[PDB]
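Next come the chains, spelled out residue by residue.
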Amino acid sequence: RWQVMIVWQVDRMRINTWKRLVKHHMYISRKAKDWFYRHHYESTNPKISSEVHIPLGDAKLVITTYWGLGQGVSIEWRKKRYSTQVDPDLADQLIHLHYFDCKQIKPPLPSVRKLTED
Amino acid sequence: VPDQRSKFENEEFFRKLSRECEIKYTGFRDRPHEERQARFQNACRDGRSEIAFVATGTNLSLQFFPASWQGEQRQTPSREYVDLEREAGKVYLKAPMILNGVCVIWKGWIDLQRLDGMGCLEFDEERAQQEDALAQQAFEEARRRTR
Amino acid sequence: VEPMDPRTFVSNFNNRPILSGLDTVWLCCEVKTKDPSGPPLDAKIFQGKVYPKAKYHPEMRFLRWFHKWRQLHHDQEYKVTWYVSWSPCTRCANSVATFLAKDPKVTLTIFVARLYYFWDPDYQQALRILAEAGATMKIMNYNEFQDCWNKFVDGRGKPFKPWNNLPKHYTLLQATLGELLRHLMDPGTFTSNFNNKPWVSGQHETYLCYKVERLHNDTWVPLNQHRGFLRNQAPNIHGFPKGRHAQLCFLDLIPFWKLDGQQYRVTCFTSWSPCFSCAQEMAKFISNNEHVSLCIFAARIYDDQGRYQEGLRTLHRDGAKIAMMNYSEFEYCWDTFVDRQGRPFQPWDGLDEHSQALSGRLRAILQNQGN
RNA sequence: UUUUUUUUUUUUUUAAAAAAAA
RNA sequence: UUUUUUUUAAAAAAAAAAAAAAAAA
Ligand SMILES: [Zn+2]
Ligand SMILES: [Zn+2]
């Protein structure tokens, strides 16, 4: 089959800032203590750099990060085997209005529209 | 379906996504073109490759993945297809995707010699009730609240 | 020579494949003529930023310094040596390879401590382009580290003390450079050792050809990024390196890929049979790792009164699929892991006779357990 | 370069015990 | 009331030693 995924195309620099900020917020700070970072090897897909899983209640946002395409992003929304693609504005809204609080800090907060700067 | 169609005429990204965009294939650009067309024919005829379709705004790209890569054989998304026998000299792409609160089928055509083509979106009312879980109400409640 | 950071080079040039918390890519080059017996002309150590910037990388430092040197020096053939802490970067590799293709005189030898980003294709293709440009890239051993400490480290007379787990990481990194750079064994060593005419002269050192599949929901599909020949290391070349017998590096390199819970099999085209000091580790390894099955094709059965029968029995009983090398498997080993350059596979005298004789020996030794 | 641990001490706090002195 | 010894746990840095670093943890 030809299972369909949307992809936001972005260079290695912005994707590496995205990875740096998300692991800095899970591990160095305690803002994202409930977030998951599924590694590249746990993904059986050959074109996945990472799977940042953001548990939103009983649901879970998925930010899959890709390889060898530059690189690509894809945002899902999974709750009991039900997927839903999500544009970066809605993913930003769900992240900021479920997890974090409300200005520039030396680590900027993980925002998928700053990822998809273009 | 009615409020789904009302918000379907309300999304800001949908104005760009369903304006019959000029889709192009961004694959192996530095190589010859003829071999790009030939590789498009092999990729649309094989079972292990990906194909990417990019709009004019160089930000959004639909990518088709083989179902064995994820290792999940789901029966209900089976309507996605790459048609060549339907019409001569033109390849059709069909993909049912659940975008935000709505389930929309992406339909496009792309010439084998132009490698470019037309893409658009279309509501299909079957997937509104075929989703057994139907967490669109929960999605709605999550997306409307604001701190 | 101006020597920079005496002490930080111990855990900054650290032979360990995965090592985070770093900011500096180091580069410790030296320039020479075509004759290496002569003294070096100059040897300057450079320090380029890692993720900081691509324009101010150590490779760009070297590119700029070579430019400023060669406008003030005579143009001739140069044999430059590097010792870099990481592997080159995508942009750096794709510019350094252009710089090597621009001047045929300059010949690099990029020695790396750790490989930078070996698990994504965007870096792997860049490293393959750099290696195809004409720079022989080798993982640093003890001797290159001793050269780096002797030249480019402000030592106070103290000698180079190798850290713990240097040679295990050396073979763990060499067998993925050999798989990421499509390194293929020569035809000469293949027709020297892999042929199954019986041991009367030569053929002292065993070889390997591993191959990884996936067992997907449809069928088996091979991965192409885990394939190479993992020859067993020389036994204690100066005492400190561990001399690993029975392609120990394969079993030790098993977990290095971070194998998924997805079950599959790994093919091991060994040019011998796993000995008693190498098969019990295999049986334990296939015991505690249920997901990975390990199929084995052997050229010649190891028989030196080493009680190999019990090890082979407990290797087969746990779930390893041992067979013996026929012309199909020999053809695959010549087709995939040997740089045949287009030449077809040539057989020897008594291919099927020796194959069926050794397989009958395998039947008479393996299958007689419990009658 | 940094997190998680094991085993030993230097000085302090607290508690218990043995001995000597006023 | 003062002095010597042993022990139960902690604290500032140190040397003895290990594991995870999938890469600005
Ligand atoms: Zn670099
Ligand atoms: Zn052995």
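For the structure itself, consult the block above.
Overview of the structure. In this document, every chain is numbered from 1 following its sequence as written, which may not correspond to the numbering used in the entry; residues for which no coordinates exist are not shown. Chain letters and ligand numbers both follow the written order, the letters beginning at A and the numbers at 1. Think of the side-chain values as coming from all heavy atoms in the structure, minus any hydrogens and water. Residues with missing side-chain atoms are left out of burial classes, side-chain pairs and their counts.

A short note on the overall build of chain B
Our working definition: Starting at the N terminus, helices and strands are each numbered in turn, a helix being any DSSP run of H or I of at least four residues and a strand any DSSP run of E of at least two. Exposure is judged per residue with a 1.4 Å probe applied to protein chains only, and the accessible area is read against the type maximum: over 50% gives exposed, under 20% gives buried, and values in between give partly exposed. It only takes one pair of heavy atoms within 4.5 Å for two residues to be counted as in contact. Areas reported as accessible are Shrake-Rupley estimates using a 1.4 Å probe. Residue values count occlusion only from the protein chains shown. For this count, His and the chain ends are skipped, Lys and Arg are scored as positive, and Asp and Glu as negative. Every charge is mapped onto a representative atom, which is NZ of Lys, CZ of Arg, CG of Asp or CD of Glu.
A count of helical and extended segments in chain B gives 6 helices and 7 strands. Seen through its principal axes, chain B has C-alpha atoms that stretch 55 × 35 × 30 Å. Looking at chain B as a whole, 46% of its 147 residues are labelled buried. Of the contacts formed within chain B by residues at least 6 apart in sequence, a portion of 48% connects residues at least 24 apart. Only carbon and sulfur atoms are counted for the fraction: they give 47% of the accessible area of chain B, which is about 8100 Å². Side chains of chain B give 24 positive and 26 negative charges; the mean places of these two sets differ by 4 Å.

Points about the packing of aromatic side chains
Residues and elements named next belong to chain C. Put simply, the rule reads: Centres within 6.5 Å make a pair out of two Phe, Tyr or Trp rings, where for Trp the six-membered ring is used; the pair is then stacked when the planes are under 30 degrees apart, edge-to-face when over 60, and tilted otherwise. Charge-over-ring contacts are defined here by two conditions on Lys NZ or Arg CZ: a distance within 6 Å of the ring centre and an angle within 35 degrees of the ring normal.
Under the criterion given, the structure shown has 53 aromatic pairs over all chains. Pairing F160 with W163 gives two aromatic rings, centres 5.7 Å apart and planes at 75 degrees, and the pair type is edge-to-face. On the numbers, 6.1 Å between centres and 85 degrees between planes, the contact of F345 with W348 is edge-to-face. Under the relative-accessibility criterion, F345 is labelled buried at 10%. Given the relative accessible area of 14%, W348 is considered buried. Each residue in the set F9, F13, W26, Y142, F145, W149, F160, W163 and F240 is aromatic and connected to the rest through ring pairs, giving one cluster. Looking at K211, its charged tip hangs above the ring of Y332, at a distance of 4.3 Å from the centre. One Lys or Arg, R300, reaches over the ring of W272 and ends 4.8 Å from the middle of that ring.

A short note on the protein's contact with RNA strand D
Residues and elements named next belong to chain C. The following threshold applies: Consider each residue's heavy atoms; a residue with any of them within 4 Å of a molecule or strand counts as near. Definition of a polar contact: a pair of N or O atoms within 3.5 Å, with one able to donate and the other able to accept a hydrogen when the atoms are protein atoms, and with sequence-neighbouring residues admitted only if both atoms are side-chain atoms. Classification used: nonpolar for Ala, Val, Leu, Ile, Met, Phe, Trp, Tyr, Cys and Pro, charged for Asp, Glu, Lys and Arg, polar for all others including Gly.
Every residue near RNA strand D is listed here: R7, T8, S11, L19, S20 and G21. Note that a phosphate oxygen of RNA strand D is positioned 2.7 Å from one of the side-chain N or O atoms of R7. Backbone polar atom of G21 to a base oxygen of RNA strand D: 3.1 Å apart, as the coordinates give it. For the surface near RNA strand D, the per-class residue count stands at 1 nonpolar, 4 polar and 1 charged.

Quick look at the interface of chain B and chain A
Here is the rule: Buried area counts how much accessible surface, traced with a 1.4 Å probe, disappears from two parts once they are put together, with both parts' losses summed. Any carboxyl oxygen of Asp or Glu within 4 Å of a side-chain nitrogen of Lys or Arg constitutes a salt bridge here.
The partner chain A presents 34 residues to the 41 residues of chain B that form the contact. Roughly 3800 Å² is buried in total at the junction of chain B and chain A, and carbon and sulfur atoms are behind 58% of that figure. Contact with chain A buries area across many residues of chain B, yet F65, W69 and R147 of chain B alone supply 18% of it, more than any other trio. Our count for the chain B to chain A interface comes out at 0 salt bridges. The set of elements that each furnish at least two residues to the side of chain B that touches chain A consists of strand 3 (60-65), helix 4 (67-70), strand 4 (81-83), strand 5 (91-99) and helix 6 (136-144) of chain B. When residues of the side of chain B that touches chain A are assigned to their parent elements, the largest contribution, 6 residues, is made by strand 3 of chain B. Grouping the constituent residues of the side of chain B that touches chain A by class yields 21 nonpolar, 11 polar and 9 charged.

Some remarks on the coordination of the zinc ion (ligand 1)
Residue and element names in this part refer to chain C. Our working rule: Listed donors are limited to N, O and S atoms within 2.8 Å of the metal, widened to 3.2 Å for Na, K and Ca; water is not among them, so incomplete-looking sites are possible.
Here the zinc ion (ligand 1) is held by the protein donor atoms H57 (ND1), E59 (OE) and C89 (SG), which lie 2.3 to 2.6 Å from it. Spacing between the donor residues of the zinc ion (ligand 1) along the chain follows H-x1-E-x29-C. The buried category is assigned to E59, whose relative accessible area is 1%.

Observations regarding the coordination of the zinc ion (ligand 2)
Working reference: metal with six octahedral donors, ideal angles 90 or 180 degrees; metal with four tetrahedral donors, ideal angle 109.5 degrees. Residue and element names in this part refer to chain C. On the protein side, the zinc ion (ligand 2) has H245 (ND1) and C275 (SG) as donor atoms, found 2.3 Å from it. Highlighted residues: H245 in the loop between strand 9 (222-228) and helix 8 (248-253) and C275 in the loop between strand 10 (264-270) and helix 9 (279-288), separated in sequence by 30 residues. Residue class for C275 comes out buried when judged on its relative accessible area of 13%.

Here's the deal with the protein's contact with RNA strand E
In the region of RNA strand E, 27 residues are neighbours, and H39 of chain A together with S20, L115, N164 and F256 of chain C sit closest. Counting only atoms of RNA strand E within 4 Å of the protein, the sugar-phosphate share comes to 47%. Separating a base nitrogen of RNA strand E from a backbone N or O atom of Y117 of chain C is a distance of 3.0 Å.

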